[PDB]
Amino acid sequence: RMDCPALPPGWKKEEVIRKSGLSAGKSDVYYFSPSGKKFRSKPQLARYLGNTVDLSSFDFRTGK
Amino acid sequence: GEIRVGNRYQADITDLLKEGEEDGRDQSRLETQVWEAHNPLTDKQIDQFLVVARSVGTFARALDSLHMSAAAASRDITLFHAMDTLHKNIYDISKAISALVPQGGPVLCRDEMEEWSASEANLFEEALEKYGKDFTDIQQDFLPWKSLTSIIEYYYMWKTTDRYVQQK
Amino acid sequence: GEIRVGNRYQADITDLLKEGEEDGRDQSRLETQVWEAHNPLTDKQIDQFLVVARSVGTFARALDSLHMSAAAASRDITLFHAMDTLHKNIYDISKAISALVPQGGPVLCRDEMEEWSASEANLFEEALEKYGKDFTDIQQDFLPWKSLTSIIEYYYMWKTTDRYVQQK
Amino acid sequence: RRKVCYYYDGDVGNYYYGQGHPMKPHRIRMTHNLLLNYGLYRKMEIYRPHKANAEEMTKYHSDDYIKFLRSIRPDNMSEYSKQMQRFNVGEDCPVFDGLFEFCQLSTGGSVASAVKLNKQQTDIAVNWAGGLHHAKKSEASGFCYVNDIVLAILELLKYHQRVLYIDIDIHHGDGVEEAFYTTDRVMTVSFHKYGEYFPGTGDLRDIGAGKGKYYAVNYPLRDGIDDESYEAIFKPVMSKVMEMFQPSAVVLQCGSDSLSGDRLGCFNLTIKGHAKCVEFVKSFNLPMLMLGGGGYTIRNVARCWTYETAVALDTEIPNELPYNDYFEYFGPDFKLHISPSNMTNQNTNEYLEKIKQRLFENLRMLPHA
Amino acid sequence: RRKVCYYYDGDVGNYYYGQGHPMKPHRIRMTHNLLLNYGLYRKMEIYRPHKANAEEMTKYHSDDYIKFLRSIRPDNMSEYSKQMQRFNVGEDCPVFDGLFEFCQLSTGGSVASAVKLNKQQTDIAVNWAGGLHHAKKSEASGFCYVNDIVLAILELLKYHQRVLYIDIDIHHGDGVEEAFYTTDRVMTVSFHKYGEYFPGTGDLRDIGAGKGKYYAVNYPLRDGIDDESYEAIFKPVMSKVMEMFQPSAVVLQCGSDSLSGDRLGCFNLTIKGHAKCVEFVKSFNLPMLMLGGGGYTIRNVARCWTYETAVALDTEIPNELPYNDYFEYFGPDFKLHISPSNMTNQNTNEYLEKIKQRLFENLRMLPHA
Ligand SMILES: O=P(O)(O)O[C@H]1[C@H](OP(=O)(O)O)[C@@H](OP(=O)(O)O)[C@H](OP(=O)(O)O)[C@@H](OP(=O)(O)O)[C@H]1OP(=O)(O)O
Ligand SMILES: O=P(O)(O)O[C@H]1[C@H](OP(=O)(O)O)[C@@H](OP(=O)(O)O)[C@H](OP(=O)(O)O)[C@@H](OP(=O)(O)O)[C@H]1OP(=O)(O)O
Ligand SMILES: [K+]
Ligand SMILES: [K+]
Ligand SMILES: [K+]
Ligand SMILES: [K+]
Ligand SMILES: [Zn+2]
Ligand SMILES: [Zn+2]
């Protein structure tokens, strides 16, 4: 769980490698709120944050 | 998509110095030279020295795989070090060669690629395949004793690895 | 067990030359110098050059086992060649190093030990174990394409072989 | 044959913008390394640039913008977020470890070289790290944090009455433009894509203001421009520019995202065409300061600036790439040059000549005899 | 410190006497190689001797003895057998491929060096190949085919009135003795085993003849002589010799078969003791010409002449043998020095003093003031 400096304080990003199946070796990216709530996509994260951040130019995968 | 005007946008334009005025800029605080282009040496001699710098390097790593050590010694870091050794010694071949064998002993230059341990290399291939290209977390969780910027230098060198085949 | 007297035993004694007479002896027909003992070089520099001469040699045989090639390059033939390269180039380190890397390419010196093929080496160990130390017959019947004197030089070098254990 | 000074700090390839980010400083290290193996390194004066301190960065920027940069880290990233938004540091300009170090090297290279040019002890000076042209006085923008170009130019003005700034980068050089928008001493010429593209500025009608009116030249362009079309509109315009603006020092930003097959760019230029511009400029025998800039297919960025360095040394190099630490990066081919794509050039002759003429009028407004 | 000239031809180690034969030229190559690795090579003037031609070998030998040698081969070995018997070439002096080449190198080394001494451009000159002292005018003997020593001496007589010849070899130096038996210009001193030993000559009563009477000194000895006994009888006698014979050039044959544990020899000398003689001679600061000679435990032959070369350079060397191509030859120890054996010294003080006195009388017969 890495701090994501471009999100507000306490937000973290984690990348997880798939271990088996059709997409073995590909990864999934997750974000965690300061309280530890887990988010799995850009629109889910944007819905949660609302107007407190502008995510138009935010690259969900890299966190930049 | 708009260009702005005002004190908070434009730069204050620096006035041309008088014929008597001097810019007052200390050049040693700004640069330090690493290779003069007008040398008493010829291409052949520099080329030759580079071969020698490579040979020492191979013989160095023979003193604690032949082709491997030679290739290792032929990498750029060794060459760059060879071009500095020349310049530091004022392009005196005879003096510069002493530099390479200080006290009868040769010198070793190893880039992060070659320098890392087998197990560090291993750690890296686990951290990448697990955290992708997130190099601060790759250090924090996998190689915390290494400095970020060494992990970067390693990354790029590793991308050319032979055993490395992400393409098909 | 007897010492003899007469014209057919004693030498005719060579008369001392007059202060005006000259011995008339062409020194180039008698000797050719291979190392001057009073050099502008210091022990350190010669030592250093020898290391370099060794490194080139190892890097040479890397271009068509690491420790093996280094030891190979550290043998006396390479060193002797290094001391001549110095003297031929008038003890100019910078000039002498060019000699070692003529056109960007290194030089290889291999003694008969290293130079022989696996199968020639094999032939030799059959010829010895079969004809003992009779080196003209060893050539005639086993290595007839080699010159006797190369087989001798090889013999002695081979006597120090590791895999060679005649003692217990 | 012109004397060239090359500025490089080994650390610059190792600073990293962030996962998924297109700007990759490593491309300069790739160039550096090719230059050594193509034997060009040998032939020019190689300088390590000392770090530029806040002292000289504030010669243009805010005392509290640089202060912010000197201070900010990924540690205190959630503490500063207030100031982060005021200064544009985020979505496409990340914070990242070493950021301020990176800026110091890029700026040091450009400044040191400017001095070198003013001190009249070089003809050409090259700093591929530099060229970061989107930066503003009080905010970062388009991957640029410090505008090394402005600072460089500001030093040149100390000895040069008129400084010409040429910008090949596919993106409009709005940082260097805005900084000099109201002055007649510096003329900013820029050739770039326009229309649904960053930074949204630099159309035909962007001419300058005040004393700086008729001193900001722009050439807006659509997709797919050839070497042939580009050459046929660069030489005419630049010869007029020299003719009219009569500068005494040139600063050519050699942005490599105007090449074909760029990740972000959508132009169809080859290294050859791209370089023809550098060669044309060099021909005007003025103190010249080559900087880099954009470029996001780094294999080609490497190729380009390696080639364009040769051009400054007017030495030939083979298409055969020399072996190097990153040799394996260069495709199955391992060649220096790239060829153009089947991509369609939407810059019809009619559209280029309309614009050309409008610019020729603008340039005629300057004083001459 | 004295200047030294060293003569060596790489080929000399490679000539071979024959299966089962004790004389092994390879021992010179072993020395050569140690000298290089002990760093001594470095410190002296190294010369390759050109081949001595029949021209200068016949300056002492028969025009038809050398002719025979130049001609003989192992091919025409059964054709010549007539002449083979007249010239002693067989049982212990084999024919072998390169034989005449071997002689030319041994003789070339000694002659070249003699010249070098006469030309006054060295103080000491060393040729380990040489020293082959059993040869006669018209026949080979005791492994010696050409007497390089005589030829060497004959050249020295051109500039030196009195030439002293000292012979340490365990075998009596009858070749050099017989060649100069009737002259007063050359004094031949020899210390050797006697009694059921080769060459059967050189007892107490062997004094010379004619003008050469009282100019051939000999010291006959039994088995097992120490360094201590040898030293105590060499220095006294040689100081008298110098005192009386007052020479102007010395030729020291440094036969190494007088060392302990030789294959053919039966003396109990160490390298140290053996060398003490070379050092003592050198001390008399005369133009000096060191030759080798016998020696048949080649590991020690190598050691000896390596050490004795150091002595001529008055430089120290460690007991630690340096690595070399033949390093593995030197036992489990790999040391330079040898120690004496438990072997019993049958040279009682009474027997040595009897002889000593007889020689002191002989030497007193020379002219002096
Ligand atoms: O290592 P990075 O700096 O993150 O860049 C890599 C790299 O691109 P470069 O080689 O031009 O640096 C990959 O190229 P290869 O390693 O495959 O040669 C590329 O893969 P593709 O070239 O196949 O696109 C990949 O892109 P992606 O992440 O889309 O697979 C991209 O990473 P970034 O996209 O994060 O820059
Ligand atoms: O190779 P060669 O010139 O014929 O000499 C060898 C050799 O003696 P050197 O090493 O002193 O030359 C042997 O020694 P190693 O190879 O065993 O070390 C020795 O064997 P010993 O030392 O065990 O006697 C052997 O003698 P022999 O043939 O009696 O076994 C002897 O050969 P020659 O006797 O023919 O000289
Ligand atoms: K542009
Ligand atoms: K302007
Ligand atoms: K004797
Ligand atoms: K005599
Ligand atoms: Zn751009
Ligand atoms: Zn003897």
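Looking at the entry header, you'll see cryo-EM listed as the method and 6.1 Å as the resolution.

K.L.:
Mind laying out the overall build of chain B, listing which residues take part and the relevant values?
P.N.:
Within chain B, the regular secondary structure consists of 8 helices and 1 strand. Shown N-terminal to C-terminal, the secondary structure of chain B runs as helices and strands in the order β-α-α-α-α-α-α-α-α. Computed over C-alpha atoms, the radius of gyration of chain B comes to 24 Å, more than 25% over the 15 Å expected from 2.2 N^0.38 for 168 residues, which places it beyond the range of a compact globule. For chain B, the spread of C-alpha atoms along the principal axes amounts to about 65 × 50 × 35 Å.

K.L.:
Which residues make up the interface of chain A and chain B, and what values go with them?
P.N.:
Taken residue by residue, the interface counts 6 residues in chain A and 8 residues in chain B. Among the elements that take part in the side of chain A that touches chain B, strand β2 (residues 12-17) of chain A stands out by supplying 4 residues, more than any other. Here the residues of the side of chain A that touches chain B sort into 3 nonpolar, no polar and 3 charged.

K.L.:
Account for the coordination of the potassium ion (ligand 3), naming residues and giving values.
P.N.:
Residues and elements named next belong to chain D. For the potassium ion (ligand 3), every protein donor is listed as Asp167 (O), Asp167 (OD), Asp169 (O), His171 (O), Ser190 (OG) and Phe191 (O), and the spread of their distances is 2.4 to 3.2 Å. Every donor counted, the 6 donor atoms about the potassium ion (ligand 3) form angles of 66 to 158 degrees at the centre, which fits irregular coordination. One chain supplies every donor for the potassium ion (ligand 3), spaced along it as D-x1-D-x1-H-x18-S-F. A residue pair is termed long-range when its members are at least 10 positions apart, and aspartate 167 in strand β4 (residues 163-167) and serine 190 in strand β5 (residues 186-193) qualify at 23 residues.

K.L.:
Could you give me a rundown of the packing of helix α1 (residues 43-62) of chain B against helix α1 (residues 43-62) of chain C, with the residues and numbers involved?
P.N.:
Running from N to C, α1 of chain B and α1 of chain C point in directions that differ by 85 degrees, and their axes come no closer than 8 Å. As the angle between them shows, α1 of chain B and α1 of chain C are arranged roughly perpendicular. Between α1 of chain B and α1 of chain C, the residues in contact are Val51, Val52, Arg54, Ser55, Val56, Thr58 and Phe59 of chain B and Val51, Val52, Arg54, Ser55, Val56, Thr58 and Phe59 of chain C, respectively. Looking at the contact of α1 of chain B with α1 of chain C residue by residue, the classes come out as 8 nonpolar, 4 polar and 2 charged.

K.L.:
How would you sum up the coordination of the zinc ion (ligand 8)? Please name residues and give values.
P.N.:
Protein-derived ligands of the zinc ion (ligand 8) are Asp169 of chain E (OD), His171 of chain E (ND1) and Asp257 of chain E (OD), with the metal-ligand distances lying across 1.9 to 2.1 Å. Accessibility expressed as a relative area gives 9% for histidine 171 of chain E, which makes it buried.

K.L.:
Can you break down the domain arrangement of chain B residue by residue, with the values?
P.N.:
Residue and element names in this part refer to chain B. Its domain assignment divides chain B into domain 1 (1-110) and domain 2 (113-158). In this structure, domain 1 and domain 2 have C-alpha centres spaced 27 Å apart. Between domain 1 and domain 2, the residue contacts involve 5 residues of the former and 4 residues of the latter. Buried area between domain 1 and domain 2, both sides added, is near 410 Å², and the carbon and sulfur share of it is 41%. Together, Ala72, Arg75 and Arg110 form the three largest contributors to the area buried by domain 1 at its contact with domain 2, with a combined 91%. At the junction of domain 1 and domain 2, the tally comes to 1 salt bridge. Of the charged contacts in the structure, one is a salt bridge between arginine 61 and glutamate 114, with a shortest N-O distance of 2.7 Å.

K.L.:
An account of the interface of chain B and chain D is needed here, citing residue identities and associated values.
P.N.:
Counting residues at the interface gives 55 residues for chain B, matched by 60 residues for chain D. Among the secondary structure elements, those contributing two or more residues to the side of chain B that touches chain D are β1 (31-35), α1, α3 (76-88) and α8 (148-158) of chain B. Looking at side-chain class alone, the side of chain B that touches chain D contains 22 nonpolar, 12 polar and 21 charged residues. Note: β1 of chain B against strand β2 (residues 45-49) of chain D, 4 bridges, orientation antiparallel. Paired with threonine 32 of chain B across the bridge in β2 of chain D is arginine 48 of chain D.

K.L.:
Lay out the site of ligand 2 with the relevant residues and their values.
P.N.:
Neighbouring residues of ligand 2: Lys133, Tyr155, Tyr156 and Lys159 of chain C together with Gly20, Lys24, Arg263 and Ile298 of chain E. Among the chains of the assembly, those with residues near ligand 2 are chains C and E. One of the side-chain nitrogen or oxygen atoms of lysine 159 of chain C is found 3.0 Å away from an oxygen atom of ligand 2. Side-chain polar atom of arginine 263 of chain E to an oxygen atom of ligand 2: 3.4 Å apart, as the coordinates give it. Protein coverage of the free-state accessible area of ligand 2, which is 640 Å², stands at 57%. Class assignment for the residues of the shell around ligand 2 results in 3 nonpolar, 1 polar and 4 charged.

K.L.:
Could you give an account of the packing of helix α5 (residues 99-118) of chain E against helix α6 (residues 148-156) of chain E, with specific residues and numbers?
P.N.:
All names here are of chain E. Interaxial distance between α5 and α6 falls to 9 Å at its minimum, and their mutual angle equals 20 degrees. When the axes of α5 and α6 are compared, the pair comes out roughly parallel. For the pair α5 and α6, the sense of crossing is right-handed. Residue-level contacts link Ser106, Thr107, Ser110, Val111, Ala114, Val115, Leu117 and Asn118 of α5 to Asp148, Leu151, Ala152, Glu155 and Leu156 of α6. When its residues are assigned to classes, the contact of α5 with α6 shows 7 nonpolar, 4 polar and 2 charged.

K.L.:
Give me the site of ligand 1: which residues, what numbers.
P.N.:
The environment of ligand 1 is formed by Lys133, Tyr155, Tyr156 and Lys159 of chain B together with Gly20, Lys24, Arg263 and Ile298 of chain D. Positioned at a junction of chains, ligand 1 has nearby residues supplied by chains B and D. The side chain of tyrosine 156 of chain B places a nitrogen or oxygen atom 3.1 Å from an oxygen atom of ligand 1. Within the side chain of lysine 24 of chain D, a nitrogen or oxygen atom sits 3.3 Å from an oxygen atom of ligand 1.

K.L.:
Give me the side chain of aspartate 167 of chain D: which residues, what numbers.
P.N.:
Residue and element names in this part refer to chain D. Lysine 136 provides the closest opposite charge to the buried, unpaired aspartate 167, separated from it by 11 Å. A polar atom in the side chain of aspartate 167 sits 2.5 Å from the side chain of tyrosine 165. Side-chain polar atoms of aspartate 167 contact the backbone nitrogen of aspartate 169, separated by 3.4 Å.

K.L.:
Describe the environment of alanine 72 of chain C, listing the residues and the values that go with them.
P.N.:
All names here are of chain C. Note that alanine 72 resides in helix α2 (residues 66-73). Sequence separation between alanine 72 and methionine 113 is 41 residues; the distance between their C-alpha atoms is 9.6 Å. For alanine 72, the residues in contact, after removing those within four places along its chain, are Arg61, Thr78 and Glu114.

K.L.:
If you had to explain unusual backbone geometry to someone new, which residues and values would you point to?
P.N.:
Residue and element names in this part refer to chain D. A cis geometry characterises the amide bond from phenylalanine 198 onward to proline 199, with omega recorded as 5 degrees. With respect to the helices and strands, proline 199 occurs in the loop between β5 and β6 (216-221). At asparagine 88, a position not held by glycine, the phi torsion is positive, near 75 degrees. Here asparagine 88 lies in the loop between α4 (77-86) and α5 (99-118). Residue classification places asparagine 88 among the partly exposed positions, given a relative accessible area of 36%.

K.L.:
Explain the sheet that holds strand β7 (residues 249-253) of chain E to me, using residue names and the numbers behind them.
P.N.:
Here 9 strands make up an open sheet; going across it, the order is β1(C)-β2(E)-β1(E)-β3(E)-β8(E)-β7(E)-β4(E)-β5(E)-β6(E) and the pairing mixed. Edge positions in the sheet fall to β1 (31-35) of chain C together with β6 (216-221) of chain E, since each has one partner strand and no second. On average, each strand axis in the sheet is inclined to that of its neighbour by 20 degrees, with strand direction left out of account. In this sheet, β7 of chain E lies alongside strand β4 (residues 163-167) of chain E in parallel orientation, the contact comprising 5 bridges. Across the sheet, residue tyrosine 165 of chain E finds its bridge partner in β7 of chain E, namely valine 251 of chain E. Its contacts with the sheet place helix α8 (residues 227-245) of chain E against β4, β5 (186-193), β6 and β7 of chain E, and it is angled at close to 170 degrees to β5 of chain E.

K.L.:
Give a detailed account of the pattern of salt bridges, specifying residues and quantitative values.
P.N.:
Summed over the entire model, instances satisfying the criterion amount to 46 salt bridges over all chains. Residue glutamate 56 of chain E is joined to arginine 25 of chain C by a salt bridge in which the shortest nitrogen-to-oxygen separation is 2.5 Å. Highlighted residues: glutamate 56 of chain E in helix α2 (residues 54-57) and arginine 25 of chain C in the segment before β1, drawn from two different chains. Here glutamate 243 of chain E and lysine 240 of chain E are joined by a salt bridge, their closest N and O atoms 3.0 Å apart. Here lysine 240 of chain E and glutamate 243 of chain E lie together in helix α8, a separation of 3 residues that amounts to about one turn. Through salt bridges with shared partners, one network takes in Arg25 of chain B together with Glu56, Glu155 and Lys158 of chain D.

So, how was this worked out
- Residues numbered from 1 in each chain as written, not as in the entry; some residues may be left out.
- Chains lettered and ligands numbered in written order.
- Heavy atoms only, no water.
- Residues with missing side-chain atoms left out of burial classes, pairs and counts.
- Helix = DSSP H or I, 4+ residues; strand = E, 2+ residues; numbered from the N terminus.
- Rg over C-alpha atoms; globule rule 2.2 N^0.38 Å.
- Contact = heavy atoms within 4.5 Å.
- Nonpolar A, V, L, I, M, F, W, Y, C, P; charged D, E, K, R; others polar.
- Donors = N, O, S within 2.8 Å, 3.2 Å for Na, K, Ca; no water.
- Tetrahedral: all angles 85-135°; square planar, octahedral: opposite > 155°, others 65-115°.
- Axes fitted to C-alpha atoms, helices over the stretch in contact; angles between N-to-C directions.
- Parallel < 35°, antiparallel > 145°, perpendicular 65-115°, else oblique.
- Buried < 20%, exposed > 50% of the residue type's maximum accessible area, 1.4 Å probe, protein only.
- Domains from an automatic or database assignment.
- Buried area = accessible area lost by both parts, 1.4 Å probe.
- Salt bridge = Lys/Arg side-chain N within 4 Å of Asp/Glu carboxyl O.
- Pairing = 2+ DSSP bridges.
- Near = heavy atom within 4 Å.
- Polar contact = N/O pair within 3.5 Å; in protein donor to acceptor, adjacent residues only side chain to side chain.
- Areas by Shrake-Rupley, 256 points an atom, 1.4 Å probe, with all protein chains shown as cover.
- Left-handed = near helix turned anticlockwise from the far one by under 90°.
- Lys, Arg positive; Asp, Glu negative; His and termini not counted.

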